[PDB]
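Colleague: I have a structure here, written as structure tokens, and I will follow up with some questions on it.
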Amino acid sequence: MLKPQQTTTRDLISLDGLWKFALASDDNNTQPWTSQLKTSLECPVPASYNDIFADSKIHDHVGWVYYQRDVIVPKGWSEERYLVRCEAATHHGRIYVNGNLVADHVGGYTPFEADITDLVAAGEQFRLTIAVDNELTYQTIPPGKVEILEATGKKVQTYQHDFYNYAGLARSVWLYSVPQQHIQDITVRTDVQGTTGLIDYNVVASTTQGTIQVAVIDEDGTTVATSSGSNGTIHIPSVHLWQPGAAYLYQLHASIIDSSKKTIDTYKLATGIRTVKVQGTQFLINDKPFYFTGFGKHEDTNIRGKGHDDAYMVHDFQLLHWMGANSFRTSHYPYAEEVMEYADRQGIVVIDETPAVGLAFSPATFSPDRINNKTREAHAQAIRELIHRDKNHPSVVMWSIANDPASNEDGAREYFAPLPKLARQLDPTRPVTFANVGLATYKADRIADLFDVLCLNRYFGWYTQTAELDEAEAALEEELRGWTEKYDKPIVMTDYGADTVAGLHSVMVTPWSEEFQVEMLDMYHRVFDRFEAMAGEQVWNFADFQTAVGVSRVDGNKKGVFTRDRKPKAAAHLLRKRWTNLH
Amino acid sequence: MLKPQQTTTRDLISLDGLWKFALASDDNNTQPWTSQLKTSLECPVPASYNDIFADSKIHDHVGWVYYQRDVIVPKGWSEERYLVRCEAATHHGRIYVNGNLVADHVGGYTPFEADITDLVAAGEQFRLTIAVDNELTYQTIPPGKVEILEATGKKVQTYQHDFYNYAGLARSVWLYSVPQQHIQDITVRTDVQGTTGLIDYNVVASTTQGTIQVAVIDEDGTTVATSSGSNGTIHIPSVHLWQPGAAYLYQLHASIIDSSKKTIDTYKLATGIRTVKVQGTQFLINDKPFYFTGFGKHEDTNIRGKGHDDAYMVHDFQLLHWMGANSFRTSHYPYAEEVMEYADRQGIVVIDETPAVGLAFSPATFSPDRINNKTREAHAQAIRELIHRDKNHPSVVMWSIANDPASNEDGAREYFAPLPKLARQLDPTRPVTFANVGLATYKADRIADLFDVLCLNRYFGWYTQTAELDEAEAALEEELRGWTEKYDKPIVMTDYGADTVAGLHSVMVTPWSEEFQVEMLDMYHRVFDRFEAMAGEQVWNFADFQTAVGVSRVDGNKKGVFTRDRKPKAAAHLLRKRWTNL
Ligand SMILES: CC1(C)[C@@H](O[C@H]2O[C@H](C(=O)O)[C@@H](O)[C@H](O)[C@H]2O)CC[C@]2(C)[C@H]3C(=O)C=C4[C@@H]5C[C@@](C)(C(=O)O)CC[C@]5(C)CC[C@@]4(C)[C@]3(C)CC[C@@H]12
């Protein structure tokens with residue numbers, strides 16, 4: 001259902017705070033959800049659990065963990081319907097109401113919930129256990145594989161993506177209420193015809209006893225259009241368009257109305273009116289060419305891992321404005337909903353991406369014993385959930401289906417083909433892409449024609465023609481010539497950068513130095529400006545972030561333009577110089 | 001009123017989130033709370049606003065700021081009373097409901113609230129504006145003075161303390177409900193007769209029609225004792241005590257009961273049965289001698305300033321447990337209430353401290369034109385609000401009235417005298433202290449005898465000009481001798497350490513190196529261990545933190561044993577060695 005909010009007809013209780021916490025063990029205490037959890041450990045809830053406790057065993061845990069607390073259902077919610085929702089459980093979440101299992105959810109970055117109305121009475125207290133598993137298989141969405149170390153028998157988790165596999169309840173948890181007759185979902189699609197905006201709306205409600213009313217109210221509070229019935233099309237004369245650096249949001253009020261025109265339910269949905277179209281080599285927002293600038297990001301901060309953080313979000317956006325970035329990509333999984341809402345308000349453009357990284361074992365990637373049909377089912381599901389949650393965001397401008405898949409290999413085409421079709425059928429208003437890895441050159445890639453925009457990740461400077469920028473430059477523009485020659489589509493570089501340690505400086509060409517980072521980005525830009533077909537540049541990455549451990553990762557990925565704590569490297573100042581002065 | 005909770009009779013709504021934010025300005029919008037703020041800025045609400053926006057004007061701003069958002073009172077609060085509460089607005093907060101002022105509060109680190117029951121009806125939406133001011137004066141409890149830079153006209157805030165003057169709503173904001181008859185306060189006081197535990201309670205409730213019941217439930221869910229009446233003494237045979245090693249917490253449920261046997265209001269107060277006592281030079285918890293190990297801390301993290309953060313809190317306590325630290329002090333303001341609850345559960349011991357730092361201009365500090373009796377009122381007020389909120393925490397084992405006052409100057413004894421009497425009077429169950437500065441030597445100080453425990457801050461700087469260890473050692477020992485000859489009280493060292501940059505190393509004796517910090521702590525310990533009267537050692541500081549700009553401050557205070565982002569310097573390992581053993 002829709003993201004809960006408080007209305008005149010709905011109440012909303014945060015369940016954030018400290019919960020009791022335990023790992024699964026191998027004792028008789030199988031089934032921790034059947035009684036009061038016995039632990040001194042408390043884990044804060046919007047957070048990944050891994051780095052919270054300064055304990056290796058928790059950090060390295062493979063398998064299930066348990067969060068628990070008591071909840072009291074407000075006494076005045078008899079006569080109403082009520083749910084427990086996890087905005088996200090990374091990767092597999094189970095909800096229990098006193099020992100009854102009431103939801104079982106497999107994706108790691110989208111919402112799930114359970115209607116507990118008939119299990120617990122208003123004003124009753126219950127024990128809420130939420131079990132979350134972190135295990136990845138070749139069928140989970142980021143896929144991976146658990147192994148056992150021979151000598152010690154320690155379980156270990158392998159996977160093919162960079163960022164660390166933080167787990168837990170990294171986003172907030174809620175108790176909320178709706179009326180018996182309630183709104184469940186709303187879809188809004190926005191076109192523009194001259195100066196007139198139009199909203200195609202569709203409301204889905206638990207009942208059609210009593211009817212649906214809509215009002216559309218502008219930023220000044222004046223009702224600018226009205227409509228009746230669950231589905232319809234509204235015109236808005238002289239619209240204020242939502243624009244890439246000037247957000248404008250109307251506010252769509254969907255209500256359920258009884259025989260007496262008495263409101264029995266209501267929901268307020270923020271709406272930006274704007275259009276995305278791809279025309280040849282151009283990416284058009286409101287019929288005008290747009291050029292992405294900004295980053296691929298990560299949900300990653302010092303202690304709470306991937307947990308949502310209001311402050312770092314608002315700061316992160318301020319830093320985007322400060323350097324004149326107009327966009328980012330939700331690199332390698334959907335971010336928290338609040339980020340998308342905030343982007344809507346900040347006038348920031350978003351490439352919104354599924355959790356589908358790691359579909360590459362370079363052993364044939366797309367085969368029965370690796371990334372097969374059952375993985376595609378999970379991928380299809382990821383696509384549906386992402387789209388079902390983020391479809392109404394004006395800031396969301398395109399769907400990214402995957403990141404660095406092995407789109408050069410046999411089987412890749414048979415695997416991906418249905419997916420861009422599924423997306424476009426779920427949401428026909430946005431174009432679809434994926435992020436292409438170096439191995440799938442314009443010659444070798446077998447999947448690119450099935451997409452509306454091409455996104456490329458490239459590290460010519462760093463990984464291959466190492467510190468040889470003149471060699472990287474030639475190879476970069478060879479590759480881009482190939483792509484422009486072969487496809488009539490917009491090109492966005494979604495990765496390009498260099499690991500860089502704050503304070504490490506050199507007047508020579510030296511990788512891992514701030515000078516090198518600047519020089520490489522600056523070369524890439526020179527090359528970008530040589531190609532009419534370029535529609536965007538998003539540096540990798542906004543900020544240093546944590547990775548699986550490895551002799552080649554210096555306490556994480558240090559390709560950030562800011563440090564993990566958001567201090568700017570020289571690179572940051574270079575981008576600021578370029579993005580505040582370019583078109 | 002008591003820290004609000006959700007019960008069967010009470011509802012609690014978090015108002016944290018992003019709020020509209022504006023700086024005050026000198027335009028005809030002289031009153032932003034009378035209408036929707038159309039600013040595009042949004043500030044997150046458990047946070048200080050200063051480093052959040054990446055904006056100078058906002059960071060350096062002196063004066064009021066406005067937070068704003070709409071709220072809806074739930075439909076079902078009809079028969080109910082409801083309030084808006086700020087846990088804290090630093091330093092001066094105002095709450096507005098649609099153009100109307102309904103609360104005005106002055107301290108920066110304790111809660112305030114307003115009964116809005118009669119202004120807004122159940123199911124109504126209203127505009128909530130909260131004004132927060134950051135100006136310090138000579139009468140604000142951390143005192144200060146606003147000044148004008150002559151060449152630029154720029155407004156600037158002076159003060160005498162280290163930590164940066166972060167402001168805003170650094171703590172959570174709430175809408176909550178309470179029945180017409182409700183409990184408003186509870187005092188518990190715990191003591192021991194043999195193996196039987198004693199709980200004196202007093203419950204203050206809005207009306208006396210229909211009685212009060214108390215149940216005391218143990219960690220297994222067993223009701224272990226009951227009582228009737230608004231106040232009384234409950235006996236807990238074979239009590240499990242709250243100990244520094246090992247928290248045990250009973251759960252006391254105070255209720256109001258109607259004519260029938262029907263619960264009208266209820267409230268769940270965690271209580272740990274424990275005594276604190278000073279005897280000669282010994283600090284006793286449950287009759288056995290106690291030695292404080294741990295830190296002076298601060299509420300300081302990278303972006304959110306002093307904003308409370310559950311993650312950093314849990315981690316910071318794991319690091320304490322990791323290095324075997326058993327205590328910390330709330331230098332230099334009461335910390336979030338949730339930290340004190342968490343301290344109760346973690347078995348960690350707390351010296352709880354007021355905002356009264358910076359009462360020192362080293363011109364005469366204690367005089368009619370400086371820190372005066374009007375200031376003393378704010379100070380008394382600060383003691384009152386702190387003790388009222390933290391009185392029931394078993395973790396809180398001592399009140400610290402001030403940090404680094406000029407306790408050596410004329411006027412200082414006459415200013416301070418009322419204050420420890422006031423504290424002991426509002427809480428007779430704990431001892432009172434203050435953290436003494438290096439100027440106020442055993443000779444010079446004229447306040448110390450008025451307190452129950454002596455806490456010394458003795459950075460080596462007080463003792464040596466050129467970072468010479470043997471020089472520092474001789475002077476620290478001389479001074480500690482003075483204190484132990486002249487007072488029969490426990491001594492706790494509450495500040496010692498060295499500015500230290502992570503990664504700066506030297507095989508020599510070099511200040512600002514990880515080695516120097518190690519050697520200095522270690523030398524201090526050797527000196528402390530020579531003195532029986534020592535009851536404690538808390539290093540300054542737990543972690544690196546932000547300060548006002550000073551060419552002597554390297555983007556803040558680097559005396560942390562951890563970095564701002566909680567990485568250990570060598571000193572952390574050295575402390576871990578000492579505290580995990582003896
Ligand atoms: C690592 C990935 C998957 C790709 O994404 C990465 O982004 C960031 C990073 O690189 O640091 C991090 O977020 C994280 O590490 C990853 O998600 C970046 C590109 C990537 C490293 C590829 C290459 O850079 C180049 C490769 C070449 C291709 C080719 C044709 C050649 O240049 O000659 C063959 C040799 C080689 C090394 C084969 C591997 C890839 C395709 C490589 C290393 C794969 C992984 C990519």
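Simple scheme: letters A, B, ... for chains in structure tokens order, numbers from 1 for residues in each chain, numbers from 1 for ligands in the order shown.
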Give me the residues within 7 Å of residue 406 in chain A as a count of residues only, counting only C-alpha atoms and dropping any in the same chain fewer than 3 places off.

Modeller: 5

Colleague: Could the residues that lie within 10 Å of ligand 1, counting only C-alpha atoms and all ligand atoms, be listed as number ranges by chain?

Modeller: A: 160-163, 296-298, 331-332, 357-362, 403-406, 408, 435-441, 444, 456-465, 475, 494-499, 540-541, 545, 547, 552-553, 556-560

Colleague: Could you give me, as CSV, every chain A residue with an atom at most 8 Å from chain B, plus its closest atom pair and distance in Å to one decimal, counting only C-alpha atoms, rows ordered by chain then number?

Modeller:
```
residue,atom,partner,partner_atom,distance
A:6,CA,B:72,CA,7.2
A:7,CA,B:72,CA,6.9
A:8,CA,B:123,CA,5.4
A:9,CA,B:75,CA,7.5
A:11,CA,B:74,CA,6.6
A:12,CA,B:13,CA,7.6
A:13,CA,B:13,CA,6.0
A:14,CA,B:14,CA,6.4
A:17,CA,B:310,CA,7.2
A:18,CA,B:310,CA,7.4
A:40,CA,B:346,CA,7.7
A:42,CA,B:314,CA,7.7
A:43,CA,B:314,CA,7.3
A:44,CA,B:310,CA,5.9
A:47,CA,B:311,CA,7.3
A:52,CA,B:315,CA,5.4
A:53,CA,B:315,CA,5.7
A:54,CA,B:318,CA,6.3
A:72,CA,B:7,CA,6.8
A:73,CA,B:8,CA,7.8
A:74,CA,B:11,CA,6.5
A:75,CA,B:8,CA,6.5
A:76,CA,B:76,CA,5.3
A:77,CA,B:76,CA,7.8
A:123,CA,B:8,CA,5.3
A:124,CA,B:8,CA,7.2
A:125,CA,B:8,CA,7.9
A:302,CA,B:565,CA,6.9
A:303,CA,B:311,CA,6.5
A:304,CA,B:311,CA,6.0
A:310,CA,B:44,CA,6.0
A:311,CA,B:304,CA,6.0
A:312,CA,B:303,CA,6.8
A:314,CA,B:52,CA,7.0
A:315,CA,B:52,CA,5.3
A:318,CA,B:53,CA,5.9
A:319,CA,B:54,CA,6.9
A:322,CA,B:54,CA,7.9
A:565,CA,B:302,CA,6.9
```

Colleague: Need to verify the contact set: range 102-112 of chain A, 6 Å, only C-alpha atoms, exclusion of same-chain residues closer than 6 positions in sequence. Can you return it as a PyMOL selection string?

Modeller: chain A and resi 85-96+334

Colleague: With N, CA, C and O atoms kept, could you save the residues just selected as an mmCIF file, in the first residue's frame?

Modeller:
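Contents of part32.cif, as written:
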```
data_model
loop_
_atom_site.group_PDB
_atom_site.id
_atom_site.type_symbol
_atom_site.label_atom_id
_atom_site.label_comp_id
_atom_site.auth_asym_id
_atom_site.auth_seq_id
_atom_site.Cartn_x
_atom_site.Cartn_y
_atom_site.Cartn_z
ATOM 1 N N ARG A 85 4.328 -2.008 9.314
ATOM 2 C CA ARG A 85 5.112 -1.921 8.094
ATOM 3 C C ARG A 85 6.595 -1.694 8.367
ATOM 4 O O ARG A 85 6.965 -0.864 9.181
ATOM 5 N N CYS A 86 7.413 -2.474 7.655
ATOM 6 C CA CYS A 86 8.835 -2.280 7.564
ATOM 7 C C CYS A 86 9.056 -1.615 6.273
ATOM 8 O O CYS A 86 8.798 -2.231 5.275
ATOM 9 N N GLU A 87 9.541 -0.381 6.263
ATOM 10 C CA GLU A 87 9.968 0.259 4.981
ATOM 11 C C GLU A 87 11.005 -0.583 4.239
ATOM 12 O O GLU A 87 11.143 -0.431 3.020
ATOM 13 N N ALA A 88 11.766 -1.419 4.972
ATOM 14 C CA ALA A 88 12.765 -2.318 4.374
ATOM 15 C C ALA A 88 13.478 -3.233 5.376
ATOM 16 O O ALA A 88 13.849 -2.833 6.437
ATOM 17 N N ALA A 89 13.710 -4.465 4.970
ATOM 18 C CA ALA A 89 14.479 -5.406 5.737
ATOM 19 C C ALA A 89 15.499 -6.098 4.807
ATOM 20 O O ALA A 89 15.144 -6.842 3.898
ATOM 21 N N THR A 90 16.781 -5.840 5.058
ATOM 22 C CA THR A 90 17.830 -6.218 4.114
ATOM 23 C C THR A 90 18.440 -7.510 4.614
ATOM 24 O O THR A 90 19.098 -7.481 5.645
ATOM 25 N N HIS A 91 18.239 -8.643 3.933
ATOM 26 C CA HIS A 91 17.533 -8.755 2.656
ATOM 27 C C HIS A 91 16.204 -9.453 2.739
ATOM 28 O O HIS A 91 15.383 -9.246 1.864
ATOM 29 N N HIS A 92 15.984 -10.249 3.791
ATOM 30 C CA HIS A 92 14.772 -11.073 3.894
ATOM 31 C C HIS A 92 14.202 -10.881 5.294
ATOM 32 O O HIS A 92 14.827 -11.195 6.282
ATOM 33 N N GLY A 93 12.991 -10.363 5.342
ATOM 34 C CA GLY A 93 12.338 -9.988 6.586
ATOM 35 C C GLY A 93 11.102 -10.843 6.847
ATOM 36 O O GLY A 93 10.386 -11.200 5.914
ATOM 37 N N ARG A 94 10.891 -11.181 8.126
ATOM 38 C CA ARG A 94 9.687 -11.880 8.607
ATOM 39 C C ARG A 94 9.095 -11.093 9.796
ATOM 40 O O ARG A 94 9.831 -10.622 10.671
ATOM 41 N N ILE A 95 7.777 -10.948 9.811
ATOM 42 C CA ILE A 95 7.119 -10.260 10.910
ATOM 43 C C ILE A 95 6.260 -11.233 11.685
ATOM 44 O O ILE A 95 5.464 -12.018 11.112
ATOM 45 N N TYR A 96 6.414 -11.151 12.992
ATOM 46 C CA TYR A 96 5.670 -11.989 13.901
ATOM 47 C C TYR A 96 4.909 -11.126 14.874
ATOM 48 O O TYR A 96 5.443 -10.149 15.408
ATOM 49 N N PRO A 334 17.323 0.490 -4.724
ATOM 50 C CA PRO A 334 16.500 1.644 -4.386
ATOM 51 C C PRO A 334 16.897 2.209 -3.039
ATOM 52 O O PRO A 334 17.139 1.464 -2.108
#
```

Colleague: Write out as number ranges by chain each polymer residue whose atoms come within 10 Å of residue 459 in chain B, counting only C-alpha atoms; drop sequence neighbours fewer than 3 positions from it.

Modeller: B: 437-438, 456, 462-464, 472, 476, 494-498, 520, 539-540

Colleague: Would you kindly return, as a list in words, each protein, DNA or RNA residue with an atom no farther than 9 Å from any atom of residue 440 in chain B, considering only C-alpha atoms and excluding same-chain residues fewer than 2 positions away?

Modeller: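 Everything that qualifies: residues 405, 406, 407, 408, 409, 436, 437, 438, 442, 443, 444, 445 and 446 of chain B.
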
Colleague: Take the residues from that selection and put them in a file with N, CA, C and O atoms, as a PDB file, in the first residue's frame.

Modeller:
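To be explicit, this is the file written out as result_38.pdb:
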```pdb
ATOM      1  N   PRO B 405      34.583  26.719  36.815  1.00  0.00           N
ATOM      2  CA  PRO B 405      34.403  28.108  37.256  1.00  0.00           C
ATOM      3  C   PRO B 405      35.691  28.697  37.817  1.00  0.00           C
ATOM      4  O   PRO B 405      36.619  27.974  38.183  1.00  0.00           O
ATOM      5  N   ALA B 406      35.723  30.006  37.903  1.00  0.00           N
ATOM      6  CA  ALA B 406      36.807  30.725  38.538  1.00  0.00           C
ATOM      7  C   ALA B 406      36.634  30.692  40.090  1.00  0.00           C
ATOM      8  O   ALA B 406      36.327  31.697  40.765  1.00  0.00           O
ATOM      9  N   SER B 407      36.871  29.501  40.638  1.00  0.00           N
ATOM     10  CA  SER B 407      36.612  29.193  42.033  1.00  0.00           C
ATOM     11  C   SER B 407      37.718  29.742  42.958  1.00  0.00           C
ATOM     12  O   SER B 407      37.741  29.495  44.175  1.00  0.00           O
ATOM     13  N   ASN B 408      38.623  30.504  42.364  1.00  0.00           N
ATOM     14  CA  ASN B 408      39.760  31.073  43.072  1.00  0.00           C
ATOM     15  C   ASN B 408      39.582  32.572  43.302  1.00  0.00           C
ATOM     16  O   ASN B 408      40.359  33.197  44.010  1.00  0.00           O
ATOM     17  N   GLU B 409      38.573  33.149  42.678  1.00  0.00           N
ATOM     18  CA  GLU B 409      38.375  34.583  42.735  1.00  0.00           C
ATOM     19  C   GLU B 409      37.394  34.999  43.838  1.00  0.00           C
ATOM     20  O   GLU B 409      36.524  34.233  44.263  1.00  0.00           O
ATOM     21  N   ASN B 436      36.831  21.309  38.873  1.00  0.00           N
ATOM     22  CA  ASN B 436      37.740  22.369  39.258  1.00  0.00           C
ATOM     23  C   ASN B 436      38.874  22.590  38.209  1.00  0.00           C
ATOM     24  O   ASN B 436      39.519  21.644  37.717  1.00  0.00           O
ATOM     25  N   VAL B 437      39.129  23.857  37.906  1.00  0.00           N
ATOM     26  CA  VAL B 437      40.184  24.271  36.940  1.00  0.00           C
ATOM     27  C   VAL B 437      41.551  24.478  37.585  1.00  0.00           C
ATOM     28  O   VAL B 437      41.632  24.723  38.793  1.00  0.00           O
ATOM     29  N   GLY B 438      42.611  24.411  36.774  1.00  0.00           N
ATOM     30  CA  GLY B 438      44.011  24.396  37.244  1.00  0.00           C
ATOM     31  C   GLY B 438      44.443  25.620  38.017  1.00  0.00           C
ATOM     32  O   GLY B 438      45.281  25.549  38.871  1.00  0.00           O
ATOM     33  N   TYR B 442      44.870  23.760  45.384  1.00  0.00           N
ATOM     34  CA  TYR B 442      44.444  23.482  46.758  1.00  0.00           C
ATOM     35  C   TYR B 442      44.510  24.715  47.661  1.00  0.00           C
ATOM     36  O   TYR B 442      43.704  24.870  48.550  1.00  0.00           O
ATOM     37  N   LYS B 443      45.435  25.619  47.399  1.00  0.00           N
ATOM     38  CA  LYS B 443      45.466  26.899  48.122  1.00  0.00           C
ATOM     39  C   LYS B 443      44.371  27.858  47.673  1.00  0.00           C
ATOM     40  O   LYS B 443      43.688  28.458  48.489  1.00  0.00           O
ATOM     41  N   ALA B 444      44.224  28.009  46.364  1.00  0.00           N
ATOM     42  CA  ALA B 444      43.503  29.144  45.817  1.00  0.00           C
ATOM     43  C   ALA B 444      42.002  28.961  45.846  1.00  0.00           C
ATOM     44  O   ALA B 444      41.266  29.950  45.906  1.00  0.00           O
ATOM     45  N   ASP B 445      41.542  27.719  45.805  1.00  0.00           N
ATOM     46  CA  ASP B 445      40.115  27.466  45.641  1.00  0.00           C
ATOM     47  C   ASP B 445      39.368  27.791  46.934  1.00  0.00           C
ATOM     48  O   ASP B 445      39.873  27.550  48.029  1.00  0.00           O
ATOM     49  N   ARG B 446      38.158  28.323  46.826  1.00  0.00           N
ATOM     50  CA  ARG B 446      37.444  28.736  48.034  1.00  0.00           C
ATOM     51  C   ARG B 446      36.013  28.272  48.075  1.00  0.00           C
ATOM     52  O   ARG B 446      35.158  28.895  48.695  1.00  0.00           O
TER      53      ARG B 446
END
```

Colleague: What is the distance, in Å and to one decimal place, between CA of residue 133 in chain A and CA of residue 65 in chain A?

Modeller: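 Separation between CA of residue 133 in chain A and CA of residue 65 in chain A: 6.4 Å.
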
Colleague: So which bits of range 311-505 of chain B end up helix (DSSP H, G or I) when you DSSP the backbone, as number ranges by chain?

Modeller: B: 311-322, 337-346, 373-390, 412-416, 418-426, 448-450, 460-462, 469-486

Colleague: What does the distance from CA of residue 19 in chain A to CA of residue 348 in chain B come to in Å, to one decimal?

Modeller: 19.0 Å

Colleague: Rounded to one decimal, what separation in Å do you get between CA of residue 351 in chain B and CA of residue 396 in chain B?

Modeller: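 Value for the CA of residue 351 in chain B-CA of residue 396 in chain B distance: 6.1 Å.
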
Colleague: Env of residue 115 in chain B: 10 Å cut, atoms = only C-alpha atoms, seq-sep filter 2 positions within chain, self excluded. Answer as a PyMOL selection string.

Modeller: chain B and resi 81-85+102-103+113+117-120+176-177

Colleague: Just write the chosen residues, N, CA and C atoms, as a compact mmCIF listing (two decimals), in the first residue's frame.

Modeller:
```
# COMPACT_ATOMS: atom_id res chain seq x y z
N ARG B 81 -6.43 14.80 27.01
CA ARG B 81 -5.61 16.02 27.15
C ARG B 81 -4.38 15.76 26.28
N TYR B 82 -3.89 16.76 25.54
CA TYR B 82 -2.71 16.53 24.70
C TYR B 82 -1.71 17.69 24.66
N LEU B 83 -0.43 17.34 24.51
CA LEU B 83 0.68 18.30 24.65
C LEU B 83 1.67 18.23 23.52
N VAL B 84 2.34 19.33 23.27
CA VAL B 84 3.49 19.31 22.40
C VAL B 84 4.69 19.42 23.31
N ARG B 85 5.67 18.54 23.13
CA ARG B 85 6.87 18.64 23.92
C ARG B 85 8.10 18.69 23.05
N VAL B 102 2.54 29.57 23.17
CA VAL B 102 2.04 28.71 24.24
C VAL B 102 3.12 28.14 25.14
N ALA B 103 4.38 28.31 24.77
CA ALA B 103 5.49 27.96 25.68
C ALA B 103 6.71 28.81 25.38
N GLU B 113 7.17 22.05 27.35
CA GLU B 113 5.91 21.59 26.73
C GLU B 113 4.71 22.54 26.91
N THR B 117 -4.73 21.31 24.66
CA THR B 117 -6.01 20.62 24.63
C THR B 117 -7.12 21.56 24.17
N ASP B 118 -7.17 22.75 24.75
CA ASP B 118 -8.25 23.71 24.48
C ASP B 118 -8.07 24.64 23.29
N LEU B 119 -6.92 24.57 22.63
CA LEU B 119 -6.64 25.42 21.48
C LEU B 119 -6.92 24.72 20.16
N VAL B 120 -6.69 23.41 20.13
CA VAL B 120 -6.88 22.60 18.94
C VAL B 120 -7.72 21.37 19.32
N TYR B 176 1.73 14.30 22.24
CA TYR B 176 1.30 13.20 23.08
C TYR B 176 0.04 13.51 23.91
N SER B 177 -0.54 12.46 24.45
CA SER B 177 -1.83 12.55 25.09
C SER B 177 -1.82 11.88 26.42
```

Colleague: When distances are computed from only C-alpha atoms, which of A:549, A:285, A:534, A:554 shows the smallest separation from residue 501 in chain A?

Modeller: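 Going through A:549, A:285, A:534, A:554 one by one, the smallest distance to residue 501 in chain A is for A:554.
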
Colleague: Residues of range 152-337 of chain A classed as strand (DSSP E or B) by DSSP on the backbone are to be reported as a ChimeraX atom specification.

Modeller: /A:155-159,163,168,173-178,183-193,196-205,211-217,223-228,231-236,243,246,250-257,263-271,276-279,282-285,288-289,292-296,301,305,327-329

Colleague: Neighbouring residues of residue 289 in chain A were defined as those with any atom within 12 Å, considering only C-alpha atoms; residues of the same chain fewer than 5 positions away were excluded. Please report them as an MDAnalysis selection string.

Modeller: chainID A and resid 244 275:284 490 532:536 583

Colleague: Identify which of the residues A:510, A:581, A:222, A:433 lies closest to residue 467 in chain A, counting only C-alpha atoms when measuring atom-to-atom distances.

Modeller: A:510
